[PDB]
Amino acid sequence: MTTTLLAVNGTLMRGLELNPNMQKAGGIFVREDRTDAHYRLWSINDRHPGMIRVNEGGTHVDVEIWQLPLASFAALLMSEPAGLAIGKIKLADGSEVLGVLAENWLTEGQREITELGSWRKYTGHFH
Amino acid sequence: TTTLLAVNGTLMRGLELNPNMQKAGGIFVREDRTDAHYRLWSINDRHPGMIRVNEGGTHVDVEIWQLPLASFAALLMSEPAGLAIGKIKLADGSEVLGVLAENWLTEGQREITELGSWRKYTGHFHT
């Protein structure tokens, strides 16, 4: 009943493989959006993406904004792929929201897909 | 219902954000330490931030706290930008949620990995 917003960039998005976790958590889809131009994006084993905020380089990464009960965040995070965390991100409009981020270590040996800016575009999994 | 969180800084017993932790339903579980894979920074000498690394890290002292699910999300909302919650490994090999720093937040900041402890760095102890 008290809620806040979460920006997801990967498999929690509509129609993708972890979206049932989002639904079961009580998540409601709010809107499509994008980060500000300060994120680099990686494909983690071509299974899910991971993004990191940087000062130079980086681009706008496509996300979905979801509304979630406060009580649901812990379990949702626990169910997430290894190396993912939740912190604060900035959107293109300048607003701040919670978002799913990757730890540095998770990107080592992985393909950077920043130039595409979107997990959907990279995988060809459109909505 | 509750979750467990490893904290390494001002949320710990007797430190400046600890009363909020207590009033939000947090209960002290135990002292612990991470596995030998964390680097630690002082962020403007106001709070610490740690990052998991393959090589070059150490055991960082933490406290394990048990807190209600919604209080966990409240911390995601209140913690300063650049801090995030993800999964960490403890010295005993187990996994627990823990507060991490994003890379960007550490840039230019003092690394205090050798000390391995916010308490040792600030000289603020609990007996």
# chains A, B, ... in the order shown; residues from 1 in each chain; ligands from 1

$ residues_around --residues "residue A:39" --least-positions-apart "4" --cutoff "7 Å" --atoms "only C-alpha atoms" --output "NGL selection string"
:A and (51-54 or 58-61)

$ write_last_selection --atoms "C-alpha atoms" --output "PDB file, in the first residue's frame"
ATOM      1  CA  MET A  51      24.265  -1.065 -16.419  1.00  0.00           C
ATOM      2  CA  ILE A  52      26.696   1.198 -14.590  1.00  0.00           C
ATOM      3  CA  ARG A  53      26.667   4.977 -14.125  1.00  0.00           C
ATOM      4  CA  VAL A  54      29.769   6.735 -15.489  1.00  0.00           C
ATOM      5  CA  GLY A  58      27.587   6.286 -21.462  1.00  0.00           C
ATOM      6  CA  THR A  59      24.307   6.792 -23.199  1.00  0.00           C
ATOM      7  CA  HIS A  60      20.566   6.848 -22.639  1.00  0.00           C
ATOM      8  CA  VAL A  61      19.417   3.337 -21.707  1.00  0.00           C
TER       9      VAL A  61
END

$ closest_atom_pairs --of "chain A" --to "chain B" --cutoff "7 Å" --atoms "only C-alpha atoms" --output "Markdown table"
| residue | atom | partner | partner_atom | distance |
| --- | --- | --- | --- | --- |
| A:53 | CA | B:104 | CA | 6.7 |
| A:54 | CA | B:104 | CA | 6.0 |
| A:70 | CA | B:70 | CA | 4.8 |
| A:71 | CA | B:70 | CA | 4.1 |
| A:73 | CA | B:73 | CA | 6.1 |
| A:74 | CA | B:69 | CA | 6.4 |
| A:84 | CA | B:86 | CA | 6.3 |
| A:85 | CA | B:86 | CA | 4.1 |
| A:86 | CA | B:84 | CA | 5.3 |
| A:87 | CA | B:84 | CA | 4.0 |
| A:88 | CA | B:81 | CA | 5.6 |
| A:105 | CA | B:53 | CA | 6.1 |

$ write_last_selection --atoms "N, CA, C and O atoms" --output "PDB file, in the first residue's frame"
ATOM      1  N   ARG A  53      26.605   3.534 -13.919  1.00  0.00           N
ATOM      2  CA  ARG A  53      26.667   4.977 -14.125  1.00  0.00           C
ATOM      3  C   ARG A  53      28.128   5.404 -14.259  1.00  0.00           C
ATOM      4  O   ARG A  53      28.982   4.971 -13.482  1.00  0.00           O
ATOM      5  N   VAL A  54      28.409   6.254 -15.244  1.00  0.00           N
ATOM      6  CA  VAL A  54      29.769   6.735 -15.489  1.00  0.00           C
ATOM      7  C   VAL A  54      29.769   8.236 -15.733  1.00  0.00           C
ATOM      8  O   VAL A  54      28.770   8.809 -16.173  1.00  0.00           O
ATOM      9  N   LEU A  70       6.525  -1.100  -1.125  1.00  0.00           N
ATOM     10  CA  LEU A  70       7.792  -1.061  -0.403  1.00  0.00           C
ATOM     11  C   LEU A  70       8.178  -2.448   0.102  1.00  0.00           C
ATOM     12  O   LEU A  70       9.348  -2.843   0.031  1.00  0.00           O
ATOM     13  N   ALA A  71       7.194  -3.197   0.602  1.00  0.00           N
ATOM     14  CA  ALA A  71       7.474  -4.504   1.192  1.00  0.00           C
ATOM     15  C   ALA A  71       7.964  -5.546   0.185  1.00  0.00           C
ATOM     16  O   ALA A  71       8.406  -6.616   0.589  1.00  0.00           O
ATOM     17  N   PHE A  73      10.380  -5.056  -2.344  1.00  0.00           N
ATOM     18  CA  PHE A  73      11.729  -4.853  -2.877  1.00  0.00           C
ATOM     19  C   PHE A  73      12.749  -5.910  -2.461  1.00  0.00           C
ATOM     20  O   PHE A  73      13.536  -6.343  -3.289  1.00  0.00           O
ATOM     21  N   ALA A  74      12.742  -6.319  -1.193  1.00  0.00           N
ATOM     22  CA  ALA A  74      13.737  -7.288  -0.730  1.00  0.00           C
ATOM     23  C   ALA A  74      13.648  -8.623  -1.471  1.00  0.00           C
ATOM     24  O   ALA A  74      14.650  -9.148  -1.956  1.00  0.00           O
ATOM     25  N   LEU A  84      23.507  -8.067  -9.595  1.00  0.00           N
ATOM     26  CA  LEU A  84      22.612  -6.924  -9.745  1.00  0.00           C
ATOM     27  C   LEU A  84      22.241  -6.347  -8.380  1.00  0.00           C
ATOM     28  O   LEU A  84      22.170  -7.072  -7.386  1.00  0.00           O
ATOM     29  N   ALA A  85      22.029  -5.034  -8.351  1.00  0.00           N
ATOM     30  CA  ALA A  85      21.758  -4.306  -7.114  1.00  0.00           C
ATOM     31  C   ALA A  85      20.696  -3.253  -7.416  1.00  0.00           C
ATOM     32  O   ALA A  85      20.390  -2.997  -8.582  1.00  0.00           O
ATOM     33  N   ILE A  86      20.131  -2.640  -6.384  1.00  0.00           N
ATOM     34  CA  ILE A  86      19.194  -1.535  -6.588  1.00  0.00           C
ATOM     35  C   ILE A  86      19.757  -0.287  -5.926  1.00  0.00           C
ATOM     36  O   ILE A  86      20.146  -0.313  -4.757  1.00  0.00           O
ATOM     37  N   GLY A  87      19.836   0.800  -6.687  1.00  0.00           N
ATOM     38  CA  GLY A  87      20.256   2.087  -6.153  1.00  0.00           C
ATOM     39  C   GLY A  87      19.498   3.207  -6.816  1.00  0.00           C
ATOM     40  O   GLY A  87      18.438   2.972  -7.379  1.00  0.00           O
ATOM     41  N   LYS A  88      20.026   4.422  -6.757  1.00  0.00           N
ATOM     42  CA  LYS A  88      19.363   5.562  -7.378  1.00  0.00           C
ATOM     43  C   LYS A  88      19.938   5.839  -8.758  1.00  0.00           C
ATOM     44  O   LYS A  88      21.156   5.810  -8.941  1.00  0.00           O
ATOM     45  N   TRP A 105      32.089  -6.096 -11.123  1.00  0.00           N
ATOM     46  CA  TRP A 105      32.649  -7.422 -11.382  1.00  0.00           C
ATOM     47  C   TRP A 105      31.827  -8.203 -12.403  1.00  0.00           C
ATOM     48  O   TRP A 105      32.367  -9.010 -13.155  1.00  0.00           O
TER      49      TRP A 105
END

$ atom_distance --atom1 "atom CA of residue A:37" --atom2 "atom CA of residue A:16"
24.5 Å

$ closest_residue --among "A:5, A:75, A:13, A:102" --to "residue A:125" --atoms "only C-alpha atoms"
A:13

$ residues_around --residues "residue B:18" --least-positions-apart "3" --cutoff "12 Å" --atoms "only C-alpha atoms" --output "PDB file with N, CA, C and O atoms, in the first residue's frame"
ATOM      1  N   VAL B   7      25.390  -3.934   7.048  1.00  0.00           N
ATOM      2  CA  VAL B   7      25.739  -2.515   6.980  1.00  0.00           C
ATOM      3  C   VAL B   7      27.163  -2.303   7.486  1.00  0.00           C
ATOM      4  O   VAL B   7      27.636  -3.057   8.344  1.00  0.00           O
ATOM      5  N   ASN B   8      27.849  -1.297   6.947  1.00  0.00           N
ATOM      6  CA  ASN B   8      29.279  -1.131   7.206  1.00  0.00           C
ATOM      7  C   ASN B   8      29.653   0.265   7.700  1.00  0.00           C
ATOM      8  O   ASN B   8      30.841   0.572   7.876  1.00  0.00           O
ATOM      9  N   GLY B   9      28.644   1.105   7.915  1.00  0.00           N
ATOM     10  CA  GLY B   9      28.894   2.510   8.185  1.00  0.00           C
ATOM     11  C   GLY B   9      28.001   3.103   9.253  1.00  0.00           C
ATOM     12  O   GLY B   9      27.871   2.542  10.340  1.00  0.00           O
ATOM     13  N   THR B  10      27.380   4.233   8.932  1.00  0.00           N
ATOM     14  CA  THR B  10      26.715   5.046   9.944  1.00  0.00           C
ATOM     15  C   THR B  10      25.382   4.465  10.424  1.00  0.00           C
ATOM     16  O   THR B  10      24.748   5.022  11.330  1.00  0.00           O
ATOM     17  N   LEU B  11      24.961   3.349   9.827  1.00  0.00           N
ATOM     18  CA  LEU B  11      23.777   2.631  10.315  1.00  0.00           C
ATOM     19  C   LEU B  11      24.114   1.710  11.486  1.00  0.00           C
ATOM     20  O   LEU B  11      23.221   1.192  12.161  1.00  0.00           O
ATOM     21  N   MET B  12      25.403   1.506  11.733  1.00  0.00           N
ATOM     22  CA  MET B  12      25.834   0.580  12.777  1.00  0.00           C
ATOM     23  C   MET B  12      25.559   1.141  14.166  1.00  0.00           C
ATOM     24  O   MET B  12      25.332   2.347  14.328  1.00  0.00           O
ATOM     25  N   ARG B  13      25.589   0.249  15.153  1.00  0.00           N
ATOM     26  CA  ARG B  13      25.286   0.588  16.546  1.00  0.00           C
ATOM     27  C   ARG B  13      25.992   1.865  16.990  1.00  0.00           C
ATOM     28  O   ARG B  13      27.208   1.993  16.836  1.00  0.00           O
ATOM     29  N   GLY B  14      25.222   2.811  17.522  1.00  0.00           N
ATOM     30  CA  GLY B  14      25.798   4.013  18.098  1.00  0.00           C
ATOM     31  C   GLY B  14      26.183   5.100  17.121  1.00  0.00           C
ATOM     32  O   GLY B  14      26.597   6.189  17.538  1.00  0.00           O
ATOM     33  N   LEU B  15      26.065   4.828  15.824  1.00  0.00           N
ATOM     34  CA  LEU B  15      26.462   5.823  14.833  1.00  0.00           C
ATOM     35  C   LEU B  15      25.249   6.625  14.364  1.00  0.00           C
ATOM     36  O   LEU B  15      24.126   6.353  14.785  1.00  0.00           O
ATOM     37  N   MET B  21      17.396   3.519  12.195  1.00  0.00           N
ATOM     38  CA  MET B  21      17.396   2.085  11.942  1.00  0.00           C
ATOM     39  C   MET B  21      16.560   1.359  12.997  1.00  0.00           C
ATOM     40  O   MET B  21      15.717   0.532  12.666  1.00  0.00           O
ATOM     41  N   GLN B  22      16.799   1.692  14.263  1.00  0.00           N
ATOM     42  CA  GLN B  22      16.069   1.085  15.376  1.00  0.00           C
ATOM     43  C   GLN B  22      14.579   1.401  15.344  1.00  0.00           C
ATOM     44  O   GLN B  22      13.740   0.523  15.531  1.00  0.00           O
ATOM     45  N   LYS B  23      14.241   2.658  15.106  1.00  0.00           N
ATOM     46  CA  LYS B  23      12.836   3.056  15.130  1.00  0.00           C
ATOM     47  C   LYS B  23      12.042   2.526  13.944  1.00  0.00           C
ATOM     48  O   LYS B  23      10.812   2.476  13.983  1.00  0.00           O
ATOM     49  N   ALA B  24      12.761   2.096  12.908  1.00  0.00           N
ATOM     50  CA  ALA B  24      12.155   1.493  11.726  1.00  0.00           C
ATOM     51  C   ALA B  24      12.055  -0.032  11.848  1.00  0.00           C
ATOM     52  O   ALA B  24      11.728  -0.729  10.891  1.00  0.00           O
ATOM     53  N   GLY B  25      12.342  -0.560  13.030  1.00  0.00           N
ATOM     54  CA  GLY B  25      12.170  -1.981  13.252  1.00  0.00           C
ATOM     55  C   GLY B  25      13.434  -2.801  13.107  1.00  0.00           C
ATOM     56  O   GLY B  25      13.376  -4.022  13.167  1.00  0.00           O
ATOM     57  N   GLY B  26      14.572  -2.143  12.913  1.00  0.00           N
ATOM     58  CA  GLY B  26      15.829  -2.865  12.791  1.00  0.00           C
ATOM     59  C   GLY B  26      16.257  -3.464  14.119  1.00  0.00           C
ATOM     60  O   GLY B  26      16.241  -2.784  15.144  1.00  0.00           O
ATOM     61  N   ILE B  27      16.661  -4.729  14.094  1.00  0.00           N
ATOM     62  CA  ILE B  27      17.235  -5.377  15.267  1.00  0.00           C
ATOM     63  C   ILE B  27      18.657  -5.826  14.955  1.00  0.00           C
ATOM     64  O   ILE B  27      18.916  -6.421  13.908  1.00  0.00           O
ATOM     65  N   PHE B  28      19.586  -5.524  15.853  1.00  0.00           N
ATOM     66  CA  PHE B  28      20.970  -5.967  15.713  1.00  0.00           C
ATOM     67  C   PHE B  28      21.051  -7.478  15.838  1.00  0.00           C
ATOM     68  O   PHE B  28      20.565  -8.056  16.812  1.00  0.00           O
ATOM     69  N   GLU B  63      27.939  -5.004  10.317  1.00  0.00           N
ATOM     70  CA  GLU B  63      26.952  -5.498  11.265  1.00  0.00           C
ATOM     71  C   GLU B  63      25.785  -6.067  10.473  1.00  0.00           C
ATOM     72  O   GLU B  63      25.366  -5.496   9.461  1.00  0.00           O
ATOM     73  N   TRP B  65      21.903  -6.717  10.407  1.00  0.00           N
ATOM     74  CA  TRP B  65      20.672  -6.193  10.994  1.00  0.00           C
ATOM     75  C   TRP B  65      19.465  -6.861  10.371  1.00  0.00           C
ATOM     76  O   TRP B  65      19.446  -7.126   9.171  1.00  0.00           O
ATOM     77  N   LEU B  75      15.166   2.360   3.290  1.00  0.00           N
ATOM     78  CA  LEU B  75      16.601   2.604   3.224  1.00  0.00           C
ATOM     79  C   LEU B  75      17.084   2.801   1.779  1.00  0.00           C
ATOM     80  O   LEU B  75      17.929   3.648   1.513  1.00  0.00           O
TER      81      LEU B  75
END

$ atom_distance --atom1 "atom CA of residue B:124" --atom2 "atom CA of residue B:106"
22.0 Å

$ closest_residue --among "A:6, A:97, A:116, A:77" --to "residue A:18" --atoms "only C-alpha atoms"
A:77

$ select_by_dssp --residues "chain B" --states "alpha helix (DSSP H)" --output "ChimeraX atom specification"
/B:18-23,69-78,103-106,118-122

$ select_by_dssp --residues "stretch 3-61 of chain A" --states "strand (DSSP E)" --output "VMD selection string"
chain A and resid 3 to 8 28 to 34 39 to 44 48 to 53

$ residues_around --residues "stretch 63-69 of chain A" --least-positions-apart "5" --cutoff "7 Å" --atoms "only C-alpha atoms" --output "VMD selection string"
chain A and resid 1 to 9 13 26 to 34

$ closest_residue --among "A:42, A:109, A:89, A:80" --to "residue A:122" --atoms "only C-alpha atoms"
A:42

$ residues_around --residues "residue B:92" --least-positions-apart "5" --cutoff "10 Å" --atoms "only C-alpha atoms" --output "list in words"
residues 32, 33, 34 and 35 of chain B
